[PDB]
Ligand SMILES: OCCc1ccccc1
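Take a look at this one chain, the form deposited without the named molecule, written out in structure tokens.
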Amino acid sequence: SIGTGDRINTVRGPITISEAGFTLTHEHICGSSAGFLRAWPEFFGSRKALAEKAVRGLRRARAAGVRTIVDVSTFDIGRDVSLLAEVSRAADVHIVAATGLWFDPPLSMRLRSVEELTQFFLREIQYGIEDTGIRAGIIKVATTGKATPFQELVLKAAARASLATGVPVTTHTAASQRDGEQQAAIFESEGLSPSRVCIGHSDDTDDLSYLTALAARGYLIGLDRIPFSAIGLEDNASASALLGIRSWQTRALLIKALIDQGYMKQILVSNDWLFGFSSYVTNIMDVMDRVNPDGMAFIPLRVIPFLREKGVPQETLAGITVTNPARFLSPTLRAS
């Protein structure tokens, strides 16, 4: 394999691999829908209030050592690159933007062909998002169980955009249903190297056999929902469905498990947090903020020390939070 320039695109421009530092690979400034933030900002109180909450949150994460976050918000998750650039500059935290499609694509997207979708992803990566010139540094895709026909087209287009640019692919999965396996099958059918792929939401499942099997093939495993837990919220149907009833310690231990299995170079950790959330029931953000007041600082403030306490070498934790993200994000073209 070869590189493209040894630089990673952020909403403030390109940065060197060394500048990325401690990186949270799966985060959101706002979980919404295309055009929603600009059409109904009052849903989040106001755009200004959302930005300020994001800035406060990112500063606290930065204080705990976080220097970069990857906002995996796609077009259909309502990604607003202007908001990202604004909060990034105010908080002095690098933010890598994404292209791709989540599981709520509109008609204008759902009817497109794989070639058309491939051009859209390439546009956002090479030309820039909208008319901002801000280039995406990662491709986001997803499935909720077996891939629908359209989702298959999306993953293929993601693989092609990836092979052409060197930008990695990260995914949302229904961990329990072992989605990672079908996703891997499609990606490989397109010639994409597993090292360019992160199977996300893997901590949503306790099946270590499924995880280690994917890791053995070269895929990066995303344990990105560590703080998700509805324990003590059994009475909240909606919160329970999204967060699950497994403790954050349970999720965190999968990190230690994979390390023991010898897959430390293939682990990526994150919170899957956000500061705004309109694509779900109202006030879910409030419920979430009560579950995890640390927000994005949860990983450095509670997960890292937890792992260290239970035997994981500090050096190994540095490798997972600094070295793996850097190697993953560095635009990398396959050997021709």
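Quick note: we count residues from 1 along the sequence shown, nothing fancier.
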Mean temperature factor over C-alpha atoms, higher-scoring stretch between 293 to 301 and 307 to 315: 307 to 315
Mean Cα B-factor comparison, 94 to 102 or 247 to 255, giving the higher one as deposited: 247 to 255
Per the PDB entry, maximal CA B factor within 266, 74, 132, 171: 266
Top residue by Cα temperature factor, when 324, 18, 10, 25 are compared in the entry: 18
Residue 147, C-alpha B-factor rank within chain (lowest, middle or highest third): highest
Where the record places residue 279 (Cα B-factor, split into thirds across the chain): middle
B-factor third for the C-alpha atom of residue 113 within its chain: middle
Modelled-residue ranking by C-alpha temperature factor, third containing residue 217: highest
Third of chain Cα B-factors occupied by residue 79: lowest
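This next part talks about the form solved in complex with the named molecule, which is not shown.
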Proximity of residue 323 to the named molecule in the bound PDB entry, heavy atoms at 4.5 Å: yes
is_contact(residue 81, the named molecule) in the bound PDB entry, heavy atom dist at most 4.5 Å: no
Touches the named molecule in the bound PDB entry: residue 13 (any heavy atom, 4.5 Å): no
Contact of residue 110 with the named molecule in the bound PDB entry (heavy atom, 4.5 Å): no
Heavy atom distance at most 4.5 Å to the named molecule in the bound PDB entry, all of 178, 188 and 214: no
Option touching the named molecule, based on a heavy atom within 4.5 Å in the bound PDB entry, out of 153, 147, 254, 264: 264
Any residue of 305 to 328 that, in the bound PDB entry, places a heavy atom within 4.5 Å of the named molecule: 315, 316, 319, 320, 323, 324, 327
